[PDB]
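We number each residue from 1, following the sequence as shown. Every number for a ligand or one of its atoms is a count from 1 in the order of the listing.
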Amino acid sequence: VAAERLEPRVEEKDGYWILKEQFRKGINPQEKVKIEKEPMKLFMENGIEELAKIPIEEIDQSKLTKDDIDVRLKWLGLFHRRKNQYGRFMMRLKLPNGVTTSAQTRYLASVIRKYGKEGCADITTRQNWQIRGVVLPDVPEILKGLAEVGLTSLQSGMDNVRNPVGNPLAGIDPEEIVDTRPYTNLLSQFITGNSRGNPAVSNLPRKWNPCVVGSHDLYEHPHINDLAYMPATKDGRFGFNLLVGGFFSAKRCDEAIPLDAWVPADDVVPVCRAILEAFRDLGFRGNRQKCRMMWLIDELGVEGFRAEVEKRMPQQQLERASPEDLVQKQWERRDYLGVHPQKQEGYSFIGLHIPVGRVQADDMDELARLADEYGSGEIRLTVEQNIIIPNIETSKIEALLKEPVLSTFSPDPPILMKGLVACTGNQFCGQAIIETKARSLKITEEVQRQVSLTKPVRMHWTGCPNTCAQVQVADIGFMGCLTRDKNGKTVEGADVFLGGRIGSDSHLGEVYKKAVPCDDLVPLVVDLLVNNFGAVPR
Ligand code: SRM
Ligand code: SF4
Ligand SMILES: [Cl-]
Ligand SMILES: [Cl-]
Ligand SMILES: [K+]
């Protein structure tokens, strides 16, 4: 690869990072949006204050302001639901390691409550909160309210570093490798500039997903992250081996590969910065389907990319990977739902099933109440869109199990529900081909009525090829499509995926059967479970 290819393509100008004039040819429309006006100015220069005052019908009359609300606002975690909930915004947080408080939960509930039938909230596949129903005029007050309770929504969408995922059992599991919270906290603080905004990492060629591993279970899905920190001792020192470039897209799904790099634990932020700077400086900015970091790694080769990371490290030092990491390959992924003892004697955590991750304001208040009465006011989110309430004095468990709300958010739902994951789908998402959340619950309920089983089969439902619900990791995955019934009528369907494995022995699933009408999935799935997963007809 020629030396000219390694010239940084962006430069700092007045606090922000912009494409250099000579690298602007052939760029995609999103890159043009970023050049036309720096999205971070909406927050960092309080551009949102005046924008929020303009009636949305007027906003839609000019490209600049329409791009503000449809594109640039995603840098403030605000997502206009133009097609399916016009004039309303989904709002997405930074929530490193999935950790929330009862006060934060009540605040979020109070926001969605205002919007009535237009409001609700969702736990995401990055153990994060999304709230719904937000109107533009309310945005300045919501931003203030979030800050007041110690939350940020910065840089959660578009060409930004996404929610830092960690071990949902961090600090509490007797079997953890290393508490991931300090590291995911540091990453989030770095990414968001301590909630003020960090323009140095907000003009990436594309989204970028990080995780820090602290579990033998690999709850963090390191194989599908742009950067995964794998805990590893090297030459008597604790640190992390680095995996890079994992991603899913409509066009291509790839597992992360070794960078062949180990960093001491204190270098977590420095190496995150170095990798992001290399991606920012050198990444392709044409066809959006070829802008994820793995495409850069393929273009330079992993060694060429590694050299770019190395030159951006303090003292330009980057050690090679440790021959072994601390993750034990002899491991069975553990169920976290139900009551489990913590490493702190006399304390338990409880995992509660949240059906397809969907909650209303009243539900959130009740969960916050439980966390206060039984725990320490902490609620943890998981990437299967469930919750854990930690730090419960074990003597309180008997009373907790009798709480009425646990009939809805159960510590021991049927096994197929335990593993069920579903994206937003067409209730709110404009890209969705099908409805996902209600359908997946209905189908799963019918399937489980017909068969019993003991294997923890994981079913993932995603509404379009963006695969936000990660169908390629599922035992049985369902990707939304339109198909045809026996009479040739248009019906909702799914492409069915098999072969996904998680944990250390990970594998990406692939399409098994295309174009199955959703109304025909129950018998197909029942038979798959009996024939391949040991299920028994009732
Ligand atoms: C909420 C969530 C799914 C869920 O129900 O949990 C979600 C929802 C959306 N995703 Fe995603 N993605 C979610 C995790 C993912 C993941 C899974 C992951 O991170 O492990 C992926 C696949 C992994 C990956 O990115 O490598 C994913 C791949 C995408 C893509 C395809 C990326 C690509 O390279 O092509 C898009 C479209 C895009 O970015 O161009 C997308 C775009 C979208 C948008 C923002 C599209 C839009 O604006 O409507 C969706 C918002 C719908 C809504 O109203 O909720 N989403 N999205 C997840 C939020 C995570 C978070 O808290 O930050
Ligand atoms: S997979 Fe498609 S339908 Fe589901 S949330 Fe992502 S973009 Fe929307
Ligand atoms: Cl986005
Ligand atoms: Cl839309
Ligand atoms: K769930």
Side-chain angles (χ1 to χ4, degrees), residues 28-30 33-34 39 56 60 66-67 69-92 98 121-130 132 153-163 168 202 204-209 247-249 288 291-292 335-337 351-359 363 367 379-388 408-433 436-438 440-441 444-445 456 458-461 463-464 466 468-470 474:
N28 60 243
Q30 291 65 45
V33 169
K34 296 185 290 186
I56 196 162
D60 282 357
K66 193 174 179 183
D67 284 345
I69 65 158
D70 281 15
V71 186
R72 301 196 182 88
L73 269 182
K74 293 168 183 169
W75 273 257
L76 282 64
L78 288 152
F79 297 73
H80 183 27
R81 309 296 68 199
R82 176 170 295 276
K83 191 175 90 176
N84 299 29
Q85 201 189 18
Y86 178 83
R88 305 302 183 116
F89 293 78
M90 174 275 279
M91 197 175 202
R92 178 190 291 172
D122 289 286
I123 305 167
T124 79
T125 55
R126 298 198 72 77
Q127 59 173 184
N128 197 6
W129 278 119
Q130 291 185 166
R132 304 185 183 278
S153 62
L154 279 169
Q155 296 165 57
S156 64
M158 283 295 289
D159 303 344
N160 282 115
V161 183
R162 307 307 186 80
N163 196 41
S202 64
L204 309 181
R206 214 63 163 81
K207 71 182 296 187
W208 192 93
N209 292 316
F247 79 112
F248 290 169
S249 68
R288 289 282 279 194
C291 291
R292 295 292 293 277
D335 187 13
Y336 59 78
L337 296 172
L352 300 179
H353 166 71
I354 309 302
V356 294
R358 171 60 50 77
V359 292
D363 300 320
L367 295 163
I379 293 169
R380 299 186 177 195
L381 309 184
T382 75
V383 299
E384 298 77 31
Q385 312 164 313
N386 296 312
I387 68 152
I388 293 168
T408 296
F409 306 120
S410 177
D412 194 24
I415 194 164
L416 294 174
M417 293 296 181
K418 292 194 169 177
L420 176 67
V421 177
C423 82
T424 308
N426 78 358
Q427 185 178 7
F428 301 109
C429 180
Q431 270 173 285
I433 301 170
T436 50
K437 291 205 177 198
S440 69
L441 282 178
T444 304
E445 280 173 66
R458 304 167 298 102
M459 295 190 290
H460 282 57
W461 278 77
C464 80
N466 288 335
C468 302
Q470 310 150 329

- Query: Which count of protein N, O or S atoms is obtained for distances strictly below 3.4 Å from the K ion (ligand 5)?
  - Reply: 4
- Message: So, using salt bridge (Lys or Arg N to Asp or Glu O under 4.0 Å) as the criterion, who are the partners of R81 when residues are at least two apart?
- Response: none
- Task: Give a yes or no on whether a salt bridge exists between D159 and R206, defined as a side-chain N under 4.0 angstrom from a carboxylate O.
- Result: no
- Nearest heavy atoms of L78 and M91, plus distance in Å: CD2-CG, 3.7 Å
- Query: With sequence neighbours excluded, what pairs up with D70 under the side chain to side chain contact (heavy atoms under 4.5 Å, CB included) test?
  - Reply: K66, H80, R82
- Message: I need the minimum non-hydrogen distance between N386 and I123, along with the two atoms involved.
- Response: O-CD1, 3.8 Å
- Under the salt bridge (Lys or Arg N to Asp or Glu O under 4.0 Å) test, which residues partner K418, sequence neighbours left out? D335, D412
